[PDB]
Structure formats: C-alpha cells, structure tokens
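Quick notes on the structure that follows.
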Amino acid sequence: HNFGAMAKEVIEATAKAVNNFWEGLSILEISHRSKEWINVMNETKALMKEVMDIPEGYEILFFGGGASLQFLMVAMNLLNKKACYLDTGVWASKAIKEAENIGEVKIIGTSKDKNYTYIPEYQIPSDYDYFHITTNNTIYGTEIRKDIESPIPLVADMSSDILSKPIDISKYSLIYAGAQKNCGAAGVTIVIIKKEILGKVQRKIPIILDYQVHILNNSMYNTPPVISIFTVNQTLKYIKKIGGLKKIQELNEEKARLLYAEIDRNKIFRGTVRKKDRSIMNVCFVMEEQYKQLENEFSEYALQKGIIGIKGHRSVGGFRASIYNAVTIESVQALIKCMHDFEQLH
Amino acid sequence: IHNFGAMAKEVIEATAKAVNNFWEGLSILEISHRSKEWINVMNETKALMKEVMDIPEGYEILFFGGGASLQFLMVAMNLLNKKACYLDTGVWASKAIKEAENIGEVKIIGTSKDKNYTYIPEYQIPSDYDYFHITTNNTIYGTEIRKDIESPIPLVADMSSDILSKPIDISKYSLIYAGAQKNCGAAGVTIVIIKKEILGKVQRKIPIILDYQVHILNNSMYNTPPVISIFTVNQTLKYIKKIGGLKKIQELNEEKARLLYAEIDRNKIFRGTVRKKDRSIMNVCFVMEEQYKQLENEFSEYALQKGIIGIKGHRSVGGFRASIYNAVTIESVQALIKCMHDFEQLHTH
Ligand SMILES: Cc1ncc(COP(=O)(O)O)c(C=O)c1O
Ligand SMILES: Cc1ncc(COP(=O)(O)O)c(C=O)c1O
Ligand SMILES: [Cl-]
Ligand SMILES: [Cl-]
Numbered sequence: 007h008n009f010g011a012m013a014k015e016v017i018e019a020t021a022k023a024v025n026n027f028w029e030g031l032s033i034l035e036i037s038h039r040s041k042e043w044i045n046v047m048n049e050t051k052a053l054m055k056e057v058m059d060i061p062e063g064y065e066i067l068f069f070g071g072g073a074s075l076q077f078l079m080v081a082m083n084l085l086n087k088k089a090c091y092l093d094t095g096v097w098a099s100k101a102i103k104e105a106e107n108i109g110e111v112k113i114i115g116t117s118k119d120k121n122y123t124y125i126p127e128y129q130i131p132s133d134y135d136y137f138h139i140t141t142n143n144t145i146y147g148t149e150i151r152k153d154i155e156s157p158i159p160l161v162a163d164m165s166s167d168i169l170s171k172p173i174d175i176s177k178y179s180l181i182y183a184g185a186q187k188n189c190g191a192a193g194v195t196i197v198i199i200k201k202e203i204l205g206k207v208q209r210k211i212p213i214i215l216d217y218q219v220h221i222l223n224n225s226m227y228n229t230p231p232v233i234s235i236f237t238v239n240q241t242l243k244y245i246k247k248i249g250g251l252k253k254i255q256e257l258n259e260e261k262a263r264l265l266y267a268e269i270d271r272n273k274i275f276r277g278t279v280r281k282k283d284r285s286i287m288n289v290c291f292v293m294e295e296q297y298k299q300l301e302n303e304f305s306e307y308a309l310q311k312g313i314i315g316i317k318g319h320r321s322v323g324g325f326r327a328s329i330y331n332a333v334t335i336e337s338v339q340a341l342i343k344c345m346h347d348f349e350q351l352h
Numbered sequence: 006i007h008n009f010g011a012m013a014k015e016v017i018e019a020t021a022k023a024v025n026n027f028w029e030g031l032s033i034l035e036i037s038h039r040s041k042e043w044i045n046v047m048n049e050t051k052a053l054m055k056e057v058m059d060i061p062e063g064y065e066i067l068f069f070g071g072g073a074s075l076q077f078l079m080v081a082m083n084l085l086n087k088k089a090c091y092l093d094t095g096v097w098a099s100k101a102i103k104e105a106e107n108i109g110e111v112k113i114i115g116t117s118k119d120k121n122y123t124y125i126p127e128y129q130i131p132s133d134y135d136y137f138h139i140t141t142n143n144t145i146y147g148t149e150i151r152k153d154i155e156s157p158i159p160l161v162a163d164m165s166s167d168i169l170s171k172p173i174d175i176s177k178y179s180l181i182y183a184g185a186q187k188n189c190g191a192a193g194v195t196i197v198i199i200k201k202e203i204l205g206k207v208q209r210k211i212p213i214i215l216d217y218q219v220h221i222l223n224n225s226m227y228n229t230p231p232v233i234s235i236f237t238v239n240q241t242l243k244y245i246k247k248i249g250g251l252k253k254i255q256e257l258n259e260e261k262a263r264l265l266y267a268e269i270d271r272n273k274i275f276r277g278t279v280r281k282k283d284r285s286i287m288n289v290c291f292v293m294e295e296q297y298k299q300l301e302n303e304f305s306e307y308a309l310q311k312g313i314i315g316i317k318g319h320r321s322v323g324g325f326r327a328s329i330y331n332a333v334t335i336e337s338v339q340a341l342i343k344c345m346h347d348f349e350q351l352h353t354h
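Order-wise, the sequence lines are chains B and A.
Sequence positions in the first sequence follow PDB author numbering and run 7 to 352.
Sequence positions in the second sequence follow PDB author numbering and run 6 to 354.
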C-alpha cells in the first residue's frame, strides 16, 4: 500500500520522460553522447550544488552500481599506507572488509559488542590516509550526531541519509550514496568529492576505478545510468520546490518523533537503539520480552492493514520502519494506529 | 521521422506503464528489490533469456550495474591467473586489452590496427593461455566476426553491440557480456552469461564486489541491482519472442544491412570503409569518396534537414555510421538510402 514511496511528481515526470523526453524520442533511446543528455547531466550537477550547498573544489560524479562499488573505489583511490574506519553496522562492516582486501585498516571504534545498538567513542589518529564513517546505519537504526571535524580526510557513506537534511559539505573530503533510498531510483550512486585528495596513492588503479578518469570525463567516461540519473534530477527539483533540505528535515524529524513516542508509549513494543543515537530514517523496534511470541502475529496483522516492508533485516529481527523523505505523515500515522490497536487487543 | 536509435514501442509503453503502476498501485521505482514481486521478475528475465537465447545448463545469468567497461576489469580479475590472449579488432577491443594488461600478462594474438581496423585479422589461439577474449562486433569500425569460433581455451566475448541480433551457439563460449544500450535494453545495465565451472582458478585476491561468485551466490542481488533497466531487458525479451525469436530478428537485420550496403556500393558519393567479407550487419560504416571529400559536412546537414539523426561517425574514422539496431525499421533505412540517392551533386539520371 505505502512504505517505500517515492514522491508522485518524480514518478509522473519519469514516466513522461519515458514516453517523450525530447522531440518524440524516449529517454530510453536518446544517446548519452547527445547534447540533450549532457545538459541534463550538467543541470543535475548544478542542482545538487545548489540544493546541498556544495562549495568550490568538489566534483560531482554518477556511477552505475551501488555503494558497494564505492567501498572498493574509495580504498583504491585513497588508501596508500593505511586508513581508519568506524564500525557501526552491516554497511560499515562491509566497507571495512572491502578496504581490508586492499590494504591496512584500523578499526578505531565498534558497537558490534551490543548488536550495534549505539555509536561508539573514538579518537581519530592523525597519521592515517583517511577516516571512513557510515552516517546512518540502515539495518540497526543508529545515526551519528556529533559534528565531526576530522584532522584527516573524512569519507562518508550516506546511502541511507543523503538529502534528508542539510549538511556541512566542507567537513567531508568524499561523500557517496547508493541512491535507491531517498535521492533516486536503483541503478545510480552519487559521489561528491574534494578533488585535491586524489593522486596520492602509489598503487596502480584500474582505469574504470580511477576517480580522476571519471572527473575528467564528467561521469561519461563510459555509458552512465541515464534513467536513474534522471530520477535524481527530478528528486532534486521536488526538494527545491517544496522549500529545500531545511523543510525536508522538519517533516522527517516530526515523522520520527511521533513514531518513537508511539514505540515508547506502547507496552507491546520497545526501540532497540539507545535514545541518543536514534536514527531519523530507520526506526528499529522489537516486541517487549513479555510479548515476544506475538512477533509473527503482528507482521501478519500489519500486512492485513496494508502496511508493507517493515520487517527487520534478519540479524535484528523485529521491525524497522524506513521513513524516507517520500513516506508520508499519513503512512506513519496508520502504522502508529496499527500498533496502537494491536496493543489495545492484547 | 526516421530513427537510428529507436527502441521497440511495445517496450517503451510497457516500461512507462510499469513506472505508473507496477503492482498494487506501487511504481516500479518504489518497490523493494528484496520483495517477491521483484525476485519473480529477476527470475522470469533469467528464464526468458535462457529460452530466447537457448542457454544450456551450467551457465549463470547476472545483471550488473555500470557498463561493459566494468566487465573489462571483472573478466581479467576473475580469469587471468598467469596470462590471457586477446584479439585487437577496434576501440572496444583495445580498451578491454588495456584494462586486462593492468591486471596481468596479455598476448595480443592478432590486430587489424595496420589498416584502421577495416578487417578482422587471422590468429592462432595458443592452448596454454587462461582465456581468449574477442569483441564480436566492433562498433566504431563496422567489422564483425563470421568464422564459427571453436576455442581450445575458455572463450570470452564482448557482445555489447550485437547481443540479441541473431542466434548464437552459447556452448562455444565460457563468458559473454553486453552493456545493454544497443538492442537488448536501456542504459544502466550489463548482462553477463557465464559458464560457472571456469571460476575459482585464479591465485589473486578479488575484491568482493568484483567477484563473479559472490554475485552468482546472490542471484545478482548481492547488492541493489538496476531495477528499471532490468525491467526493460525483460520486455525486450518478451517482444523478441512475440515476433518469433532470434531467427526472425536476424533475417530482418540482414536485409536492412544488405540494402544499405548495396546503396553504399552503387552510389559514387560514398564508399564502405570495411572489407566486404567482414562487414558488420549492425554498424554500417561508409565515407565520402576522395573525389567528394569536401562534401562531408554538406551531407550531414542534408541528412539532418531530411530528418536523419545520429549517423555521424566516431572521430577516428570520420565519415558516417548507420547503427542498424533491431528496433531500427526498414523504413528508416530506406529514407537513408533515398537521402543518399539524392546525390544530385553529380547529375545522374
Ligand atoms: C548505508 C548503506 N550503505 C551501503 C548500502 C549498499 O548499497 P548498494 O546496494 O547500493 O551496494 C546500503 C543499501 O541499502 C545502505 O543502506
Ligand atoms: C563493443 C562495445 N564494448 C564496450 C562498450 C562500452 O560499454 P559501456 O559504455 O556500457 O561501458 C561499448 C559502448 O558502445 C561497445 O559498443
Ligand atoms: Cl547497518
Ligand atoms: Cl570498435
């Protein structure tokens, strides 16, 4: 019924563009070498600059594949001697592992000890090539709050929180996001990168994995993921129309605030995650121990009521409500009402 | 208007429909790739490709984001242990070779670089290399390979510009791949068809995201796949089946090329760049005769005024290139021919 929604303006625009993008030609059949497309590339780049307040010295790239390709690219392009990572979840852990296959990694802090229910403390050593974080840990519902000011280059996987709120881009040397959550449709990954960090690795880098080759060719070194890039272009237009990332944040903060209040009020349920590290985007909650056996009964009940895709990833069990930008206040209230009624029957 | 670029209309409409409402009011852009609705598409696309292409048992089908260039690297990382060999028949072939050389030892066993890749060289395949890589249709130069290739070592092939233009004997190949923006689908997806028993034989470490095994173990959803581009491949396969398979698709293409080459050869304004026996049926390259060399630009503008678009050659050849993908109609080819025939800069009657 409702739970991975994309804004409707963006769906309609995309469909329109499939029927007729330019002069009768479908967006699926135009050349990516044509000027019509190059213009979209550049406007999308200018839109992301505007909407996110990207300063000078940062390049914007679009890659096919996902955040996982970037786990590798980050390491191959910046890990010369050694790099450090914060282990806050499945995605953080998968980044760390890919990087370890390339060279030396120090894990400077982890919350693996308590099923990643919290964000650990850490001291950033000043002699590593870069420091990599995962800002929203999608599976465990933790996010990072502290304004991070790294003495070395700061790399961040924002797959699950890019375009949910404004950020200070200048604090980061490289930001990336698989784009299927907020931000766009499956098939594209965004990379925003402070060019001056490249060129400092003695290892050879394959051409297709070399950020410089991509920068020099404005992300069309080879065929880019046109339609997914288009959906990013529209999503940026909609965020601007509706008054920017300040506003997007307020609506999200609210949606999360209601849902966490319901979780905490309701005796059937409890949030898994420490209050202070609670993510605004992925809201994880399990059955109270007393009602543990009702877990499956409630899934079926939510499904009967038209709520879909709130099952947690396996490792945590319980539930996870992913409150992406395009999920409405109304879809959140119907969850709350489903949870409330579940409590009142028991 | 006549369109060198066209996608079949059934496929465009189906994709648009699926963007509005794929399943129970939800757009294909908003469903979960972890949902059963999507998994079913993944599998039906796989079963369709198996059916339509007659893929034997022991071959896996994978879908990758990115393009054929990512596969240049994956191929080498997954199969080049000691050394491999390549045939140099063009820009794409040369780019594959280069990426592979950055990984390990490559013997280039034949090249047509000597004559601006106007022909397909002879070669002897050495039996002690890990694999032999070819580019079956050389998109920029308009050559394709004809000989039925029977390799004594694993045969890898970049079919980006000819996949789904005709039936092939899949059993001859150990790995086939295709960036999919030319016949078979829309930009954002690359197909890989792979004989699984060739994997596992490399001493080098392979990054997880580049390891074909990890992908196969997860049915191409090790991570988020390119959903919409995969859907367009799913529809393209349905259309090919409806209209009677790859045998039919071939006849129509062979015809379209046959007409256009006859016109190129008949017309004194123009000449085909490529040796006759190696002529590609997909990418038709032709330049101005030397006598009419200065008319090159005048003719581009003339074609454009007449509604023909995107026939300009890649820089390295100049001249022209008519890409006669499956979805380009006989009628669009005739209007090119009629445009060419209106060479009254000569006064032929
Ligand atoms: C924070 C985070 N990082 C990385 C990924 C992996 O994304 P992809 O499927 O684009 O490789 C995801 C996917 O959900 C995610 O939420
Ligand atoms: C034969 C061949 N190989 C490789 C490529 C590169 O594919 P991609 O742009 O999908 O990297 C192309 C692009 O046309 C091609 O025609
Ligand atoms: Cl996670
Ligand atoms: Cl070529």
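Built from N, CA and C at the ideal position, the CB exists for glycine as well.
Item checked: Residue span of the alpha helix (DSSP H) that contains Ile269 of chain B, given as start and end -> 250 to 271
Item checked: Every unbroken alpha helix (DSSP H) inside the region 285 to 332 of chain A [4 residues or more] -> 301 to 310
Notebook entry, point to check: Once you ignore the five residues that flank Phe27 of chain B on each side, which residues in its own chain have a CB closer than 7 Å to its CB?
Noted result: Excluding positions up to five away in sequence, the list reads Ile33, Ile36.
Next item on the list: Please classify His7 of chain A: is it buried, with 16 or more other beta-carbons within 10 angstroms of its beta-carbon, or exposed?
Entry: buried
Check: In whole angstroms, what separates the C-alpha of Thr148 of chain A from that of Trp97 of chain A?
Finding: 12 Å
Checklist line | Whole beta strand (DSSP E) elements within the region 181 to 209 of chain A, 3-residue minimum | finding: Correct list: 194 to 200.
Next item on the list: Might you give, ordered along the chain, the residues of its own chain that have their beta carbon closer than 8 Å to the beta carbon of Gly71 of chain B, omitting 5 neighbours on each side?
Entry: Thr195
Check: Does the beta-carbon distance from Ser234 of chain B to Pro231 of chain A come in below 9 Å?
Finding: yes
Item checked: heavy atom of ligand 1 below 8 Å from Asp163 of chain B C-beta -> yes
Check: Given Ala19 of chain A, which residues of its chain have a CB within under 6 Å of its CB, disregarding the five upstream and five downstream residues?
Finding: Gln240
Check: Does the distance from the C-beta atom of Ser321 of chain B to that of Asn288 of chain B stay below 9 Å?
Finding: Their beta carbons are not under 9 Å apart, which means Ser321 of chain B does not touch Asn288 of chain B by this criterion.
Next item on the list: Return yes when the C-beta of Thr237 of chain B is under 8 Å from any heavy atom of ligand 1, and no when it is not.
Entry: With a cut-off of 8 Å, the C-beta of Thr237 of chain B is classified as distant from ligand 1, since no heavy atom of the ligand falls inside that distance.
Notebook entry, point to check: What do you reckon, is the C-beta of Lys187 of chain B under 8 Å from a heavy atom of ligand 1?
Noted result: yes
Next item on the list: Provide the residue(s) that pair with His7 of chain A in DSSP beta bridges, ordered along the chain.
Entry: A:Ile313
Check: Would you say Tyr146 of chain A touches ligand 4, meaning its beta carbon is less than 8 Å from a heavy atom?
Finding: yes
Notebook entry, point to check: How would you call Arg271 of chain A, buried or exposed, if buried means at least 16 neighbouring beta carbons within 10 angstroms?
Noted result: With fewer than 16 other Cβ atoms within 10 Å, it is exposed.
Checklist line | Beta bridge counterpart(s) of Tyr91 of chain B as assigned by DSSP | finding: Beta-bridge pairing links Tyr91 of chain B to B:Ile113, B:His138.
Next item on the list: Taking only heavy atoms of ligand 3 into account, decide whether any of them is closer than 8 Å to the Cβ of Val96 of chain B.
Entry: yes
Notebook entry, point to check: From B:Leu351, B:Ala11, B:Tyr182, pick the residue whose C-alpha is nearest to that of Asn142 of chain B; which is it?
Noted result: For the set B:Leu351, B:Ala11, B:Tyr182, the Cα lying nearest the Cα of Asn142 of chain B is the one of B:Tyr182.
Notebook entry, point to check: Which residue's Cα is closest to the Cα of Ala332 of chain A: A:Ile248, A:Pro131, A:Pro126?
Noted result: A:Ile248
Item checked: Within chain B, the residues that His220 of chain A reaches when beta carbons sit closer than 7 Å -> Simply none; closest approach about 11 Å.
Check: Listed from N- to C-terminal order along the chain, which residues in the region 177 to 205 of chain A have their beta-carbon within a distance smaller than 7 Å of any beta-carbon of chain B?
Finding: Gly184, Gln186, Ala191, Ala192, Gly193
Next item on the list: For residue 356 of chain B, return the contacting residues in chain A, with the cut-off set at a CB-CB distance below 7 Å.
Entry: Examination of residue 356 of chain B is not possible in this model, given that chain B is present from 7 through 352 alone.
Next item on the list: Taking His138 of chain A as the reference, give the member of A:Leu84, A:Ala191, A:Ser117 with the closest Cα.
Entry: A:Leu84
Next item on the list: Please say whether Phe77 of chain B and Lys112 of chain B have beta carbons closer to each other than 9 Å?
Entry: no
Check: ligand 2 heavy atoms versus the CB of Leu75 of chain A: any closer than 8 Å?
Finding: yes
Note to self: Could you check whether the Cβ of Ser166 of chain A sits closer than 8 Å to any heavy atom belonging to ligand 2?
What the structure shows: Checking every heavy atom of ligand 2 against the Cβ of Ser166 of chain A, one is found closer than 8 Å.
Next item on the list: Please specify which runs of the alpha helix (DSSP H), each continuous and at least 4 residues long, are wholly inside the region 18 to 93 of chain B, giving them in chain order.
Entry: List check, alpha helix (DSSP H) in window: 41 to 58, 73 to 84.
Next item on the list: Compare the beta carbon distance of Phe325 of chain B and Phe291 of chain B with 9 Å and say whether it is the shorter of the two.
Entry: yes
Next item on the list: Count the other C-beta atoms from every protein chain shown that fall within 10 angstroms of the C-beta of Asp135 of chain A, then say buried if there are 16 or more, exposed otherwise.
Entry: buried
Notebook entry, point to check: Between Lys100 of chain B and ligand 1, is the CB less than 8 Å from at least one heavy atom?
Noted result: yes
Item checked: Supposed contact pair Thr50 of chain A and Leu242 of chain A - C-beta distance, whole angstroms, cut 8 Å -> 7 Å
Note to self: Considering only the alpha carbon of each residue, which of B:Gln296, B:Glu65, B:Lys177, B:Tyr330 lies closest to residue 371 of chain B?
What the structure shows: This structure cannot settle anything about residue 371 of chain B, because the visible part of chain B is limited to 7 through 352.
Checklist line | ligand 2 heavy atom lying under 8 Å from the CB of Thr50 of chain B | finding: no
Check: Which chain A residues are close to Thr141 of chain B, counting only those with a beta carbon under 7 Å from its beta carbon?
Finding: By Cβ distance, chain A contributes nothing, its closest Cβ being about 18 Å from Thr141 of chain B, past 7 Å.
Notebook entry, point to check: Cβ-heavy atom distance between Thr195 of chain A and ligand 1 below 8 Å?
Noted result: no
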